[PDB]
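First up is the structure itself, then whatever we jot down about it.
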Amino acid sequence: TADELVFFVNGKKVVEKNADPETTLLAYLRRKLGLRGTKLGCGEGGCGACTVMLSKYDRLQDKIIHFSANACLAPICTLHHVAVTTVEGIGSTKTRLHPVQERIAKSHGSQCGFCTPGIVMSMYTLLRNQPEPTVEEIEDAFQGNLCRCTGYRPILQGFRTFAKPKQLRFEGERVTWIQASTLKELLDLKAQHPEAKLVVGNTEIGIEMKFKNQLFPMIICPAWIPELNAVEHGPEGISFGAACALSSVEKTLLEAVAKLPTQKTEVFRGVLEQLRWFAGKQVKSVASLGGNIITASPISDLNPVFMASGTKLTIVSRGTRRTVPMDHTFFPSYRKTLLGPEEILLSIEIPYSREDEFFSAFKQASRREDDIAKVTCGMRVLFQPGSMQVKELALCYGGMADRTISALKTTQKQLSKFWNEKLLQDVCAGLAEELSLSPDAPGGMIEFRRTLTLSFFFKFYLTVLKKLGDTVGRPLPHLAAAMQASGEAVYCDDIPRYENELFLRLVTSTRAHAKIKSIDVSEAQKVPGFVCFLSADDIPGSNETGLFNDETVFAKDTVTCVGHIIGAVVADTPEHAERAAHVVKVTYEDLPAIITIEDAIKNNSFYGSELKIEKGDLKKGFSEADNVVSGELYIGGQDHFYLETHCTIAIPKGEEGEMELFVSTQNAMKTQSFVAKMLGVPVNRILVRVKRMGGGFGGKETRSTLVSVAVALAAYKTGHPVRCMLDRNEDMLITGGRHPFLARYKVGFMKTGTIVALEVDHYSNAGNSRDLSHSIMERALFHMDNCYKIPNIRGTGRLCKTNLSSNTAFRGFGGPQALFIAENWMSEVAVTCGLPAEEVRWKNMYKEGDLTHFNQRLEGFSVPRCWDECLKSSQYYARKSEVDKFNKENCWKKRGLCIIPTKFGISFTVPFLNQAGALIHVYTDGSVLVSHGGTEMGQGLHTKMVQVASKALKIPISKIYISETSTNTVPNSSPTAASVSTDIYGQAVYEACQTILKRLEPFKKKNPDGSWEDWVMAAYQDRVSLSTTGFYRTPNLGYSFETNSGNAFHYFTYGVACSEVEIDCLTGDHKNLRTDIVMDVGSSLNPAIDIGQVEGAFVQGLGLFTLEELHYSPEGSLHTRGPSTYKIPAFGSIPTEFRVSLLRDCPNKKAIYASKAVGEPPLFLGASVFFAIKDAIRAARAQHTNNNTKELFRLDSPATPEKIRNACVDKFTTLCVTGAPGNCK
Amino acid sequence: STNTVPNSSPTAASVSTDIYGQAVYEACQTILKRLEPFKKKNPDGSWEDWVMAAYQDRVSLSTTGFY
Amino acid sequence: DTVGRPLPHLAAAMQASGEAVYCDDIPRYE
Ligand SMILES: Cc1cc2nc3c(=O)[nH]c(=O)nc-3n(C[C@H](O)[C@H](O)[C@H](O)COP(=O)(O)OP(=O)(O)OC[C@H]3O[C@@H](n4cnc5c(N)ncnc54)[C@H](O)[C@@H]3O)c2cc1C
Ligand code: XAX
Ligand SMILES: O=C(O)c1ccccc1O
Ligand code: FES
Ligand code: FES
Ligand SMILES: [Ca+2]
């Protein structure tokens, strides 16, 4: 009794007879229509990997329009008579690439490639609306698109070349969906069924259903109704039907602002400001005005502005019609509006501003919670005619309570007062009082939020006043780049499903530390297509897993973090597995939990004892020092945010325990080992294949196996192929991240700035198993010197054992942590001594031939030339002057500049992992297939390996090919890690080539003018084998702690970065203005790959140090589980000027063709933004705080807007502006 | 498979046991040459021991063989 | 050392059970 759903994809008609309202367009494209170019990266609207173009008729506005949307939030039931275009839709390597696809690929804009299709579709959509866009439009187009690899620079450079009706009924398994064609039909429907839920854009509802497990068994979509879509210019303001997209609201209001007089458009420009950095295009194209309003989020950016301005709401039910201005009574409680259950919001009139009426809007440049504690506001003042005397005042704030509120007491007291200093004082006092937060108020950041309520008003108060009075060495693009841009590159979940293939959903601990009392599955057993539930009892081999045999495959008697895997559900579709998992009832008995580093130090909960490197005589160095500074420092962790999350397919053959797996991993050997150990089967039975990863970053070196083992078990149990791909929220919760570090330190120095003694005790938060924590701590200790000679030095480290997901490798592997701790105390030495930072860093540098604190010698120490050249090209000394000039001429905005070096040790710190295998075949057509132990994750290792094989063999690259990595071609491989993959695999590929060349030598002698093909065929026919292994092992490695000698590293990669920032001292926001990097990568095999690596790495570092903040409940539950609450760098995050140079004339005698590892060494240079920011904070504190020029103030990482703001101590932070006593002129 | 062993003659002429027998034997010998130093250090050890030790000493445990 | 021993075909038990995979026994993609 349901109507047929009919739409179009890439021009082809789709007729769906049994359309289920719960089906997203992304699930239908990938799993019904076999178009896998469009990706899942989050499922929540933040990342854009799932972008498509939608095309539909506005009957009203009378035209076919083209917009971008997130496929992951679009229900197919909204798509009746809509046309969809995917990346497959605009071109292909099979036919011919669209110019967009080709350009992103040739410009080096694609590394891993997983983001590239979403991005191609964002750019494609812009070009169909505007065939000649500006650079601003291009940039805005990419707002809702995230990339983890590239640093964005190349995509923008690349694309800059372009610049300058009857009711329908659908019936699902749970949901009945009605598409309403008329207003009348809506009201009747709402009257027959008051509980029925409206859905328009689905960008809120979709999240409630997916993430918060709500189920609305009746949905009415009223998007077709003309009255819900009208735009009407009236004499009071501009009315918008409640279904109007935010993009349409924005279009109209911008048209009104350019046309009408300034004085009429104050409200309008408020709405526009709130809409600026609001999601991206894909969301604004689908999100309705009315949906935002009725959602009534405490952190709605719109509702404070509508409340402040008395925006009119026309509200309707069958019979009833009424218009009210939005005021404080509109939101009576949490997520509620003053509407009756029958009632629906019809339109919204956004008023013109009057004479003597002024408006501002502001929002907090940070969000850390799903729906609370992000400050946002609309402010309105109306004066008596021609005067400065207050007649009306409205200050309405989100994120200061569980609903949008208005500061009524405060504003009331201002009536008839004049707009002056006293007024400012009275309002700030009102505000601090009326909006006061108890110290344990949900959301935290109490100080920062109070200070923002007041600083926002100060901006309004100042604004109102103003209103009155051989290819080696060649820039070869990634070999997969084109197919990555075309959506043709295969990633693990792009592999077709077998007819009998099943799906797995992890079942996860909701408690930090607890006994498992019972597990009940009877409600999961009722989900359609449930196959089975798996737990510890089902394992045929061993439940003992992990790098140090201290983990369970499945939890047994207790759980030890939130996300501790307990079991798994297997079902016939992934939605079925997802549903049935959320319904598995687990009964717990809480145990005492240990969460923070501090919790752990106080309870002595550690893995092992302290590690230590010590050299010199500390109680003596401190004797000789003129100056001794002690302190404590914290650095928060980081999520990998690989655009492709964890994924495994396991295929049980049914013979002799055989299993073939396809997996998103850096470590095929351990995946194989772990799978076999769990199964109780020899390693020779198990085959693991890796084509590519859509990102790794250290996060798929070991923790990939959490999914793999589980999936393989389901494959063993059921005997069907099984697969699982993690959602983003699962991925961030279970798989662990970068290690948070705590440091307590003490430096002894002279008045010159010469260091003479250092001790640092480092503590990492290692989480609920060992994993790579110990080696991570070792690498931290090897780097606590950065580039500096320290005669007397003691570094300890301790691994904190905690009820958190087990943390793991992350690009840098403990290095960034200790290098940051190191740049910190260096910064305090320069300030304390009253000398320029760059003079202090310079004087304390190692020289050629110096020995580290672990006694390794530094030969080819290139930091001096990197430094000298970075100073020169960045015009450092001139710009420094200009920063001082800026800071003397500006009160509430400050600039900051910093230049900082890096040294990063190259090799695995466990000697045995510095080995590598290759396997080379030459077929009788001369075509060569290379296989080696490395995996491709976007860093372009295969491209480099192709380039090396080609040089070595003296044949064009076109004759060489690499397909994939597999455990049956090269066994016992180390993980693709520690930046050495190009060194060690290149060497082994090189040896295999040499072996093949020596074998062809005699056929070469017999026919010196012969082609390669002739020689190969002559050697085949003479029965000379054309297949060989190659092998390499890094010589002279083996550091000893007990003797503190022998080489920990093969060589060191060096670099230097300069960064300039401007902070907003009233809000803690900042802009990255300019960064110059000079990097020593020896002689590069591929300048483009290597510059790509410097850039991507630098921007992952600037994330770590400034933007990325993970946040947990006191009970240890991760709160930031997606792009909405966790902020990785975005297109608009990178420095306006971003220059990277590779040092000329510096070959490396240690590695393949004089090249140097580049993957991880440049990530630390990201910290130049942090220390530039801190430099800006110093000037802000010299401005408003005190007069001590040598003041050491602590600043932890990440320097978010909260920490930057709270550190700009002033009359607001202190509350002196209220008339109180505090600290500040 | 063609990605493990390439350019193979068809399984024919009754010679397979003969020629692949020799090719398997030769590869087995190369392994034993590589494992001999670890045998001599620990004559009372197991197969498993010699293998782990060779791996940890970064000796390749993969080889081709040919006849 | 089994050379010269009448050891049964290694795959013979799976062949008798239906378990030994022949080309058409490989499952089809959807
Ligand atoms: C990635 C992303 C970023 C975002 N960023 C921001 C941001 O920065 N600032 C901000 O304020 N918001 C932000 N949002 C929230 C977003 O603006 C809202 O989700 C959106 O406006 C809701 O409209 P919709 O049409 O999708 O509503 P739906 O999800 O379809 O419905 C939302 C709710 O409104 C009800 N409803 C809808 N229309 C009516 C009607 N006319 N009458 C009565 N009830 C109705 C529905 O029943 C439902 O309860 C963001 C959302 C996403 C996904
Ligand atoms: N685009 C892209 N670039 C990337 C990676 C990625 O996933 N995607 N990851 C890093 C890491 S993190 Mo680690 O030591 O396992 S902590 S080392 C490492 C490095 C591994 O690649 P080689 O340079 O050895 O070939 O690649 C870097 N560059
Ligand atoms: O020393 C390293 O950099 C390292 C990296 C990955 C795994 C183990 C290790 O010792
Ligand atoms: S997957 Fe749709 S926005 Fe991330
Ligand atoms: S290339 Fe953009 S996420 Fe990897
Ligand atoms: Ca750990």
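The basis for the numbers below is simple: all heavy atoms, side chains too, and nothing from hydrogens, waters or symmetry mates. Proteins get letters first, then strands, A, B, ... in listed order; numbering begins at 1 in each.
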Practice problem: Starting at CD of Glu499(A), measure out to CD of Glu30(C) and round the result to the nearest 0.5 Å. | Solution: 10.0 Å
Quiz item: Which distance, rounded to the nearest 0.5 Å, do you find between the CD of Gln15(C) and the CD of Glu655(A)?
Solution: 8.0 Å
Quiz item: Counting only heavy atoms not in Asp25(C), do more than 12 fall under 6.0 Å of its CG?
Solution: yes
Exercise. Could you tell me whether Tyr28(A) atom OH has more than 12 heavy atoms of other residues or ligands within 6.0 Å of it?
Key: yes
Self-check item: Part of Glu501(A) lying under 4.5 Å from any heavy atom of chain C
Solution: neither
Self-check item: Rounded distance [0.5 Å steps], OH in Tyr29(C) versus CG in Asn500(A)
Solution: 11.0 Å
